[PDB]
């Protein structure tokens, strides 16, 4: 029941790709490695897929299974029709405030679950917030930031196969700094901004070193760039969550206790 479903390539009728399972239906296959086989790390890879399978929550992307074969390594996850959050925000159909409120709440719920399971995301951004046809979201880890062996497998010498806007300032120009829960909270602040801006931040930045050094100095996404009606409470929340000092930023349970009654009274 709770075990990892080991899948085979032969289960699929027919590198992130859409894939149809013979009984079970339409799925998404992220093929991590294709090349010469090495069975030495298969035990560790499978154990990481077991860890992936344990993280079950309505706002977290479920691993439906894993293909571990001679030379091919793939993760199989559920289909999300509308794609990532930024694709939805940049679309010609404008997403209403009530849905945006629910999205934010769902992101908080999902991040609160993961932190409760001892999982720091390290790489929360609109690209990792997938959206289904009914505008409900699920948090993903598409670049395998939380999963060392699959991440090493992806960047392997024989394998025949990022955005700094949401990264907390403590991690900009500092590879040694160990990510915390508050690292993801910073990212959530900029995602909050993006949701109401309907765009990526820092458009007026001319160079990368300019931007990096500006963010480290205290510079943040422009609140005056928000053309839509964003509430005062949400502007306070993002301002709180993007504080320079990580101790000043709240926890996701902290965010949820404030935001949920606001969503109920105002947004829905």
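Residue numbers count along the first chain shown, from 1. Throughout, rigid core stands for the largest set of C-alpha atoms superposing within 1.5 Å between the two forms.
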In 9 other deposited structures of this protein, superposed on the rigid core, which stretch sits farther off in Cα RMS terms, 162 to 170 or 135 to 143? 162 to 170
Taking the root mean square of C-alpha distances over all structures and residues in 9 other deposited structures of this protein, with a rigid core superposition, name the larger of 240 to 248 and 5 to 13. 5 to 13
Report, as yes or no, whether residue 187 is left without coordinates in at least one third of the other compared entries. no
What about residue 229, left without coordinates in a third or more of the other entries of this protein that model its neighbours? no
Between neighbours residue 162 and residue 161, residues that the deposited sequence lists but the model omits: 10 or more
How many residues sit between residue 257 and residue 258 in the deposited sequence but have no coordinates: none, 1 to 3, 4 to 9, or 10 or more? none
Mean C-alpha B factor from the entry: is it higher for 199 to 207 or for 221 to 229? 221 to 229
Quick one: say whether 79 to 87 or 177 to 185 has the higher mean Cα B-factor in the deposited entry. 177 to 185
Residue, from 215, 61, 234, 66, that the PDB entry assigns the highest Cα B-factor: 234
Out of 93, 112, 103, 139, residue topping the C-alpha B-factor column of the entry: 93
Residue 241: which third of its chain by C-alpha temperature factor? middle
Using the B-factors in the PDB entry, rank residue 145's C-alpha atom against the chain and give the third, lowest, middle or highest. middle
Could you look up the Cα B-factor of residue 46 in the entry and say which third of the chain it sits in: lowest, middle or highest? middle
So where's residue 151 on the chain's Cα temperature factor ranking, which third? middle
Would you check the entry's CA temperature factor for residue 28 and let me know if it's in the chain's lowest, middle or highest third? lowest
